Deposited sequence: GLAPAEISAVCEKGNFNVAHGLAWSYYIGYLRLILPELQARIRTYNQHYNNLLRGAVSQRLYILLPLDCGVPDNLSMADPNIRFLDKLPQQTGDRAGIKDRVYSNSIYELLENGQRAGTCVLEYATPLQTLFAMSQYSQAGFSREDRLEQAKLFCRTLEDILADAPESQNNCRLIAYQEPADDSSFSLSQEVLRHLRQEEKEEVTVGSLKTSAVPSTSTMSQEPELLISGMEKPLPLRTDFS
């Protein structure tokens, strides 16, 4: 099942990142000018927990990550679905009670597929293989984005293992660099 994470990464690129990354800066600029608090950063920040533990509510993983607003939606006809909607959420990052950064932030959803596959007996995906597939997912995606025309300093991958751990501090480190 090595080809499992491989295909999921290509799917994530083909069916999502390549479609939304080109329009992202315009959506952010629209938000910055129309519905606004400091400036939203210019990159999509993608969280890649190698334990494939992907909560649906980000504030649950860390209270210092607080939902601010939704980006204006992106829509288009997709595979027979009229006006399919692509949604992204903006988060504020707090640090000792100060707003320290603002960004479009989400988990890489395919890591949730890896996790659920490892739970379903019919998937033939060993629970022991979650970390290995997660790593391959990250490496594949990294190699894809390194060479993708739509990636132009508008995407940032954040991969990490928890062994304390501060997810907000991990994100702020990448924001600081930018």
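K.L.:
Could you list, start to end, the deposited-sequence stretches with no C-alpha atoms?
P.N.:
Sequence ranges with no C-alpha atoms are 1 to 14, 51 to 53, 181 to 184, 200 to 242.
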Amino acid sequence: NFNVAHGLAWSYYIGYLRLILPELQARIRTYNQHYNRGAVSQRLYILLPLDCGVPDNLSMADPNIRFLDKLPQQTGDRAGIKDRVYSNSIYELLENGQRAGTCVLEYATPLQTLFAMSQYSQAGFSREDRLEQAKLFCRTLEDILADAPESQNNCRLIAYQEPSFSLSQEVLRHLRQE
From here on, numbers count along this sequence of modelled residues.
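By rigid core we mean the largest C-alpha set that fits within 1.5 Å across both forms.
K.L.:
Any chance you could tell me whether 136 to 144 or 111 to 119 drifts more in 5 other deposited structures of this protein, judged by RMS CA distance from this form after superposing on the core?
P.N.:
Relative to the shown form, the greater RMS C-alpha distance in 5 other deposited structures of this protein belongs to 111 to 119.
K.L.:
If you line up the core and then measure how far each C-alpha sits from this form in 5 other deposited structures of this protein, which stretch comes out higher, 43 to 51 or 22 to 30?
P.N.:
After the core superposition, the stretch with higher RMS deviation in 5 other deposited structures of this protein is 22 to 30.
K.L.:
Counting only other entries where the flanking residues are modelled, do a third or more lack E106?
P.N.:
In none of the comparable entries (those modelling both sides of it) is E106 left without coordinates.
K.L.:
Of the other PDB entries for this protein whose models extend past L71 on both sides, does at least a third leave it without coordinates?
P.N.:
Negative; every one of those entries includes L71.
K.L.:
Averaging C-alpha B-factors over each stretch, which comes out higher, 41 to 49 or 24 to 32?
P.N.:
Going by the record's values, the stretch with the higher mean is 24 to 32.
K.L.:
Name the higher of the two by mean Cα B-factor in the PDB entry, 66 to 74 versus 147 to 155.
P.N.:
It is 147 to 155.
K.L.:
Reading the B-factor column of the entry, which of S59, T140, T113, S121 has the highest value at its C-alpha atom?
P.N.:
By C-alpha B-factor in the record, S59 ranks first.
K.L.:
Test of reading the entry: by CA B factor among the chain's modelled residues, which third contains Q169?
P.N.:
Tercile = middle for this residue's CA B-factor.
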